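**Q** I'd like to ask some things about the structure below.
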There are 2 protein chains.
Amino acid sequence: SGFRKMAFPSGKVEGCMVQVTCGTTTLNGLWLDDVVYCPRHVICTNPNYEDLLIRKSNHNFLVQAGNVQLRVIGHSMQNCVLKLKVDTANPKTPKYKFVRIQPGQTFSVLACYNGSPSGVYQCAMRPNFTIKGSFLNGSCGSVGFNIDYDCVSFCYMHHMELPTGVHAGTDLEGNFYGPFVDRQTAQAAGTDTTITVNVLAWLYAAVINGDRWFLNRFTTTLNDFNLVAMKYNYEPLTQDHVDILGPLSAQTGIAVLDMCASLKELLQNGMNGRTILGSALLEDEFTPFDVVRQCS
Amino acid sequence: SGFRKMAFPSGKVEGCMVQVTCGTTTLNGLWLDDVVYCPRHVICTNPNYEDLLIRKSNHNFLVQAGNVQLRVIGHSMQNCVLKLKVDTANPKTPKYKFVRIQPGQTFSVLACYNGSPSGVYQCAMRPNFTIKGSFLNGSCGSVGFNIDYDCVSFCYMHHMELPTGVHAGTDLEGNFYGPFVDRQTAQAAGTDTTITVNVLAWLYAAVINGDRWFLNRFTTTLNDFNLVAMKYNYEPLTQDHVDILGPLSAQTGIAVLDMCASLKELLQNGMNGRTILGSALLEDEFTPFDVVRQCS
């Protein structure tokens, strides 16, 4: 019983975190095999990064793994990440993949400062390709990930804070999520929407944990529900979403379109002072997978 | 910027988690130096635990650390925990302490099944000595902890789920938090209250992150505020609480008793459709320390 924002255990990622310094800029890097990955903006002091990097040498990069200095033997740029080749392969490299996630999907963030892990939390990639993280100065290069069996799938590297306080970054190939750039501009998050399939997943989590007051005998049609979704700035629900919710629908015996009728009622009338899983708002940062992982 | 429920990095605890089996009961143990700690109820099949343990031998305990079987060479009971002496000291033992926490304090939980860590999240010890965790069958023996510098302070070991779905357990000396027992009874959580100092800390976090709509020019007296606290089932605010909130008050320039006037207004009128740090409820599971750790 219970339902919490739950991160993956962070140990396998902790052993990959290092400190990268170039000039007076210090941030975090990810050390896998004999390569350290970090945001290329570490070499800034607008910019032409190819020019900036041509003017650097291996010795301009100080990489510290705990108390051990790692000698940089090569440097290159891949999109918005820097790859520093070091003379030592990380003995704690986990089995890993570089994956790009989709908006609506969740991942764990290991927030890090000066190469030292500080905390772990769960984030969702928002429809507008920002994340609502918790980052302070020095956190660039912190990574996001999911773990399956023994394999770490890295999906996010932190690069910047946008004016509204939300966060933007890249996949581990250095390609930004969303229409953001690692230079100084007036860039801002675009309009966002609520992740409908996740809200439904969380309502199923609530039912599994004994919250039933929002249930009703009605069922709606997919088309009728999607009219309501559009009105309340919710993402369209697809037949694939309905299919993905199948197992949760079966376990609870509440058909997906039956739960959609509950969600319509909640959107049109609110909660009348009640709560669901300890929240007075509809929660959209749990995927169906997240619910199945913790509720079963 | 941002404010998340954030756990400590769990790696140092992951390397201490083992599987303990006795009979047909499997649960988790904590392996520090050459001792494995686990709930004594693993030896159950009402009970007289001293009798149950006299009837056991070392060979009745199977301890598995990943793929390695650890040979049990001694067994004893300490309050509600079992101490299994094994022939191998854990090479990954961190610097650690066994500390008992107070209601209102927070800690990270490494939820574990079959000795395998599954996820990490933050919990608070409720005033009624339960925690609102996320645990499924098999999670007994999962631990709660805080980390300071390199030192793991273990404060909680999971033993049971109470009828309302909240959770009860012991410190690592085997002494229960709260009026709960590791036998079959109709025991239930007592009445709870809201942790006032934590609500105020979270309001300061909100101000630091730019939420100001609940602020006002008024200040209240400690006595007048505590009259309102009692009416809304909030814990009394003490001068020590005011002192602990000092640094956050200074950083924001909002005196504690000024923020107390905001909290009084919020309790008496609600939020009028607005939110604070993404919540439509007053959040009480962040301590002043938690706020200072993530906001600074």
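Residue numbers start at 1 in each chain; chains themselves are named A, B, ... in the order of the structure tokens; ligands are numbered from 1 in the order shown.
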Tell me, counting only C-alpha atoms, for each residue of chain A within 6 Å of chain B, which pair of atoms is nearest and how far apart they are in Å to one decimal, in rows ordered by chain and increasing number, as a tab-separated table.
**A**
```
residue	atom	partner	partner_atom	distance
A:1	CA	B:165	CA	5.5
A:2	CA	B:134	CA	4.2
A:3	CA	B:134	CA	5.3
A:6	CA	B:121	CA	5.0
A:7	CA	B:120	CA	5.2
A:8	CA	B:119	CA	4.6
A:9	CA	B:119	CA	5.2
A:10	CA	B:10	CA	5.6
A:11	CA	B:11	CA	3.5
A:119	CA	B:8	CA	4.6
A:120	CA	B:7	CA	5.2
A:121	CA	B:6	CA	5.0
A:133	CA	B:2	CA	5.7
A:134	CA	B:2	CA	4.2
A:135	CA	B:1	CA	5.6
A:165	CA	B:1	CA	5.5
A:280	CA	B:280	CA	5.5
```
**Q** Could you pull out the alpha helix (DSSP H) residues of stretch 140-282 of chain B from DSSP and send them as a PDB file with C-alpha atoms, in the first residue's frame?
**A**
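What landed in out03.pdb:
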```pdb
ATOM      1  CA  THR B 196       3.451  23.148  11.826  1.00  0.00           C
ATOM      2  CA  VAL B 197       7.146  24.008  11.714  1.00  0.00           C
ATOM      3  CA  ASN B 198       7.441  21.997   8.492  1.00  0.00           C
ATOM      4  CA  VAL B 199       4.494  23.809   6.896  1.00  0.00           C
ATOM      5  CA  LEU B 200       6.198  27.110   7.700  1.00  0.00           C
ATOM      6  CA  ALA B 201       9.496  25.829   6.285  1.00  0.00           C
ATOM      7  CA  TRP B 202       7.718  24.881   3.052  1.00  0.00           C
ATOM      8  CA  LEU B 203       6.092  28.320   2.830  1.00  0.00           C
ATOM      9  CA  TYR B 204       9.611  29.784   3.028  1.00  0.00           C
ATOM     10  CA  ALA B 205      10.685  27.407   0.258  1.00  0.00           C
ATOM     11  CA  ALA B 206       7.762  28.720  -1.788  1.00  0.00           C
ATOM     12  CA  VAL B 207       8.792  32.336  -1.237  1.00  0.00           C
ATOM     13  CA  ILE B 208      12.391  31.535  -2.210  1.00  0.00           C
ATOM     14  CA  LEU B 222       3.025  33.198  19.070  1.00  0.00           C
ATOM     15  CA  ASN B 223       0.153  32.718  21.547  1.00  0.00           C
ATOM     16  CA  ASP B 224      -2.467  33.932  19.067  1.00  0.00           C
ATOM     17  CA  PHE B 225      -1.105  31.692  16.332  1.00  0.00           C
ATOM     18  CA  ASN B 226      -1.038  28.635  18.618  1.00  0.00           C
ATOM     19  CA  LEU B 227      -4.730  29.157  19.361  1.00  0.00           C
ATOM     20  CA  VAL B 228      -5.368  28.846  15.619  1.00  0.00           C
ATOM     21  CA  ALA B 229      -3.035  25.863  15.311  1.00  0.00           C
ATOM     22  CA  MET B 230      -4.957  23.966  17.968  1.00  0.00           C
ATOM     23  CA  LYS B 231      -8.240  24.677  16.197  1.00  0.00           C
ATOM     24  CA  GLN B 239      10.135  29.403  20.380  1.00  0.00           C
ATOM     25  CA  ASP B 240      12.693  26.756  19.398  1.00  0.00           C
ATOM     26  CA  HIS B 241      10.798  26.262  16.133  1.00  0.00           C
ATOM     27  CA  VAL B 242      10.889  30.026  15.605  1.00  0.00           C
ATOM     28  CA  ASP B 243      14.655  29.961  16.220  1.00  0.00           C
ATOM     29  CA  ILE B 244      15.196  27.039  13.816  1.00  0.00           C
ATOM     30  CA  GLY B 246      15.675  31.985  11.740  1.00  0.00           C
ATOM     31  CA  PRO B 247      17.962  31.482   8.734  1.00  0.00           C
ATOM     32  CA  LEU B 248      15.044  31.082   6.306  1.00  0.00           C
ATOM     33  CA  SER B 249      13.345  34.148   7.796  1.00  0.00           C
ATOM     34  CA  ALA B 250      16.560  36.153   7.334  1.00  0.00           C
ATOM     35  CA  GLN B 251      17.144  35.023   3.744  1.00  0.00           C
ATOM     36  CA  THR B 252      13.598  35.937   2.712  1.00  0.00           C
ATOM     37  CA  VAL B 256       8.524  33.973  11.365  1.00  0.00           C
ATOM     38  CA  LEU B 257       5.502  35.515  13.073  1.00  0.00           C
ATOM     39  CA  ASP B 258       4.752  37.335   9.811  1.00  0.00           C
ATOM     40  CA  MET B 259       4.676  34.000   7.996  1.00  0.00           C
ATOM     41  CA  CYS B 260       2.501  32.652  10.813  1.00  0.00           C
ATOM     42  CA  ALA B 261      -0.071  35.325   9.923  1.00  0.00           C
ATOM     43  CA  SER B 262       0.006  33.998   6.334  1.00  0.00           C
ATOM     44  CA  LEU B 263      -0.520  30.454   7.586  1.00  0.00           C
ATOM     45  CA  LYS B 264      -3.447  31.559   9.757  1.00  0.00           C
ATOM     46  CA  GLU B 265      -5.071  33.143   6.690  1.00  0.00           C
ATOM     47  CA  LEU B 266      -4.491  30.013   4.605  1.00  0.00           C
ATOM     48  CA  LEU B 267      -6.026  27.786   7.291  1.00  0.00           C
ATOM     49  CA  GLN B 268      -9.066  30.046   7.709  1.00  0.00           C
ATOM     50  CA  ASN B 269      -9.765  30.698   4.013  1.00  0.00           C
TER      51      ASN B 269
END
```
**Q** Which residues are close to residue A:66, i.e. within 9 Å by only C-alpha atoms, leaving aside same-chain residues fewer than 2 positions away? Reply as a list in words.
**A**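 My reading of the contact set: residues 17, 18, 19, 64, 68, 69, 115 and 116 of chain A.
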**Q** I'd like to know which residues of stretch 25-64 of chain B are strand (DSSP E) (by DSSP, run on the backbone); could you write them as JSON, numbers by chain?
**A** {"B": [25, 26, 27, 28, 29, 30, 31, 32, 35, 36, 37, 38, 39, 61, 62, 63, 64]}
**Q** Report as a VMD selection string all protein, DNA and RNA residues lying within 8 Å of residue A:184, evaluated on only C-alpha atoms, omitting residues in the same chain fewer than 2 positions from it.
**A** chain A and resid 46 182 186
